[PDB]
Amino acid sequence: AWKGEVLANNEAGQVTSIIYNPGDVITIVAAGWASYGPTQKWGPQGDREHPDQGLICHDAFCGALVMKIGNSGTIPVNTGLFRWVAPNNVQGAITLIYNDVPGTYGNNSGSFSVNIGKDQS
């Protein structure tokens, strides 16, 4: 399993100890408060009022928690995944990432605490 924090200002994301393999069932639970710039902070679902100005994940709000599995595109995690199975031919190490616009991570603050584990399958 993996337990740690994902820094909002870390554009390269947070590499976990989870290597997603075909058929794996995983659970993720994310918590905490972060910001993509403003003094206000948002949870793992991000800011539902802020327009997408070029986010790394166009399927989640700005400031939401997202992930990459191997060399995959960004996949929304938000508050978490419940006994989740990846799309076909998606595999590799899970990288957790704060959802923001490329080049604009420098002014981000806070972090999400996250747990990831592989489930019975």
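Definition used throughout: the rigid core is the maximal C-alpha set that superposes within 1.5 Å between two forms. One rule holds for the numbers: they count along the sequence shown, beginning at 1.
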- Task: Find the stretch among 25-33 and 86-94 with the larger RMS C-alpha deviation in 9 other deposited structures of this protein, all structures being superposed on the shown form by the rigid core.
- Result: 86-94
- Would you mind comparing 89-97 and 62-70 for me and telling me which has the higher average C-alpha temperature factor in the entry? 89-97
- Averaging only over Cα atoms, indicate whether 51-59 or 24-32 has the higher B-factor in the PDB entry. 51-59
- Message: Quick check on the deposited entry: does the C-alpha B-factor of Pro38 sit in the lowest, middle or highest third of its chain?
- Response: highest
- Message: Going by the CA temperature factor in the PDB record, which third of the chain does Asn9 belong to: lowest, middle or highest?
- Response: highest
- Using the B-factor values recorded in the entry, state whether the Cα atom of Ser113 falls in the lowest, middle or highest third among the modelled residues of its chain. middle
